[PDB]
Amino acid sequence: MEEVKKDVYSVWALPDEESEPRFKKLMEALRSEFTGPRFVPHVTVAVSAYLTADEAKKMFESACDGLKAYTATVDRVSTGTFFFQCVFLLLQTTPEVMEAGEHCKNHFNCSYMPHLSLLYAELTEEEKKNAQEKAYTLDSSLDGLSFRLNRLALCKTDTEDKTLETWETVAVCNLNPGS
C-alpha cells in the first residue's frame, strides 16, 4: 500500500482556556471594525514540506510527544505589510518560545518571528495604524501579557487562500507540562 497524496501542513500552538477568550474577543472586535476572515488564535511553530498523511501524523506525534507546554510573553502589538501580517502580537524571543518554532538538526548551529496574529486584512497604511491603536484601546494591558501555550494543532493552510475557506485542522494534542 502506498500513500500518494501529499500536502503542506502547518503546526499551531494554541493558547490555554484562560487566555483564548481574551484573544478571540479582540479578534472579533478588530475584525468587525476593519475587515477580515474569522480564525482561531494560534502561534505557528512549523510549516512542513509535502508529506503524506502518515508522514504528517508521525511528524505531529513527535512534535506532541516532545514539546512541553510553555509560556509566551507579548512584546508589543505590531503591524506588517501583507495580508497575514496585518496586526499581530509580536512575542518576546524567549528560549522556550523560540525553540518551538525551530527545527534545526540535532548538532548544528543554524543561526522565526513568533507572533499571534490578531487580524488578517489588506488595509491602507492609515487603516493599519488605526487598527493597531484600536487593539490597545480594546485591551490596554496587552504589552507584557503572559499566556500559556498548551496544545498543538496539525493543519493544512494554503497561505495563498485569503478567504481561509480551505484552511482545515486535522488533528490536536495536549502538551505535557514541564517547568
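From 1 onward, residues are counted along the sequence shown.
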Tell me which stretch has the larger mean Cα B-factor in this entry, 8 to 16 or 154 to 162.
154 to 162
Of 140 to 148 and 124 to 132, the stretch with the higher mean C-alpha B-factor in the deposited entry is 124 to 132
By the CA temperature factor listed in this entry, which of these ranks top: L67, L119, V47, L116?
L67
Assigned third (lowest, middle, highest) for the C-alpha B factor of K57:
middle
Would the CA B-factor of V40 place it in the lowest, middle or highest third of its chain?
lowest
Select lowest, middle or highest to describe the third in which the CA B-factor of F108 falls within its chain in this entry.
highest
